[PDB]
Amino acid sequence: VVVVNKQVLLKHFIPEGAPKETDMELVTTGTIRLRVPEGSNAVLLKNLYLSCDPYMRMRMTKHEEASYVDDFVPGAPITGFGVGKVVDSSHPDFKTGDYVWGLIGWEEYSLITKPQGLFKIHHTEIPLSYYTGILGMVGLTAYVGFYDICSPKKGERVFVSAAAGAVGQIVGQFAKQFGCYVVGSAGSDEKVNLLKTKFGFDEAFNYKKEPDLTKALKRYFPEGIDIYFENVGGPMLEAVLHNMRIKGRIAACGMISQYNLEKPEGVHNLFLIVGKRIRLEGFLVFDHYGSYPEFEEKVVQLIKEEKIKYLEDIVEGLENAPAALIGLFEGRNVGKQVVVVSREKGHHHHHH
C-alpha cells in the first residue's frame, strides 16, 4: 500500500516581520509507503494532532549562527510538536499501535529516523490532543518555569502575562494552588472573564484597554509584585520592573511581543534590578525533560481528578494549520492552539 501524504511546506525564508499564510504552501500530491525502510531503526507515524507554538515563527528566518533549534528549510515540511500513532517500527522501544508525542512533520505521515526523542504516551484515556499542550512541552514549561525558576512561597504576589494562553493558564492554576495571590493580563474581555471564572485567577485585566501598564499593575498590586511569569516582554516588562518587590523574580519564559518586530523595543529601567535585588532568569524546556516523570505524575492526577482546568482551541484539518499558527501572534487562539490532522479510530467524545 502507498497512500496519500499531504504536507505543509515552508515556501521560503522570511525576514524579520510577521509571518503570512503564503509563507507556507499545502501540497496534496505526495505519497508514502506504509512500512519503514528495511535496515532502518525508525518509526513511521500517522499524525493525529499538531501544536501551534510561538517559537515556531523564529524558525522561519535563516540564522547564520546556530540557534537552540535548527531553522526550517524551504521546500521541506514545517515541523513542530504533535501526537502520532505508530504504524510501523524497526525500533524495539516502539510497537505498532503505540501513541507518541514529539517533534513531527506538518503532514499525514512522518518517518522518524531518530525515535529516541519520541515520548510514549502511557495514558490513552486522557484525550490524546492533551499531549500537544498540557501533558506535552507546554505543560512541562509551566511546571519548570513556576516550580523551579520562580522559587515560589505561599502568599507571594504573582503576575502572569499572556495569562489565558497555554502556558499561562497552567501557571496561574499552579500558583493559585500553591497558595499565591495571582493576577493575569490578556488581550480580550472574553479571556479576562475566563481567567476570573474558569481558571480561578484572583484578578485579571485586558492589557489593550489600559493606557498605562504601570498604574494598572499598581491597581492590582498595592504592595507590588513578587513573581512575574514573563511570556510577553516589551513595555509590560518595564511596567512590572517598576512594580516589583525586593527579592522579586522574573522567569523569562518568552517575549512574544518582540517575535515579529523588525526593531525590538528598548527596556529602560533594568537598573531597578540592582536596588531591588531581582533575579531575571531565562529557561528552555528542552533542557528539562529529565523532570517529565515527576511532572506527568503530578499533572495526570490533577486532570483525572478535575483539579486543573484546561482550554483547547481546536482547528479541524491539516489545511488550516498555517492560519492557526499566524493567529497566535494576533491572539486569535482562545486557549491552547491545536490542529486536528486525523482523529484516532473509535474516538467517541462529544463537544460543542
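Residue indices: 1-based, along the sequence shown.
J.: May I ask you to compare 63-71 and 323-331 by their mean CA B factor in the entry and name the higher one?
T.: The recorded data point to 63-71.
J.: Take the C-alpha B-factors listed in the entry for 274-282 and for 217-225, compute each mean, and give the stretch with the larger one.
T.: Mean CA B-factor is higher for 217-225.
J.: Kindly indicate the residue among 120, 153, 209, 245 with the greatest C-alpha B-factor in the PDB record.
T.: Out of 120, 153, 209, 245, the record gives the largest C-alpha B-factor to 209.
J.: Taking only the Cα B-factors deposited for this chain, tell me whether residue 309 sits in the lowest, middle or highest third.
T.: According to the entry, residue 309 has a C-alpha B-factor in the chain's middle third.
J.: Ordered by C-alpha B-factor within the chain, which third holds residue 37? Give me lowest, middle or highest, please.
T.: According to the entry, residue 37 has a C-alpha B-factor in the chain's middle third.
J.: Give the position of residue 291 by CA B-factor within its chain, expressed as the lowest, middle or highest third.
T.: Within its chain, residue 291 is a middle-third residue by C-alpha B-factor, going by the deposited values.
J.: Of the three thirds of its chain by CA temperature factor, lowest, middle or highest, which one includes residue 136?
T.: For residue 136, whose C-alpha B-factor we compare with every modelled residue in the chain, the answer is the lowest third.
J.: Ranked by Cα temperature factor within the chain, is residue 27 in the lowest third, the middle third or the highest third?
T.: Highest third - that is where residue 27 ends up once the chain's C-alpha B-factors are sorted.
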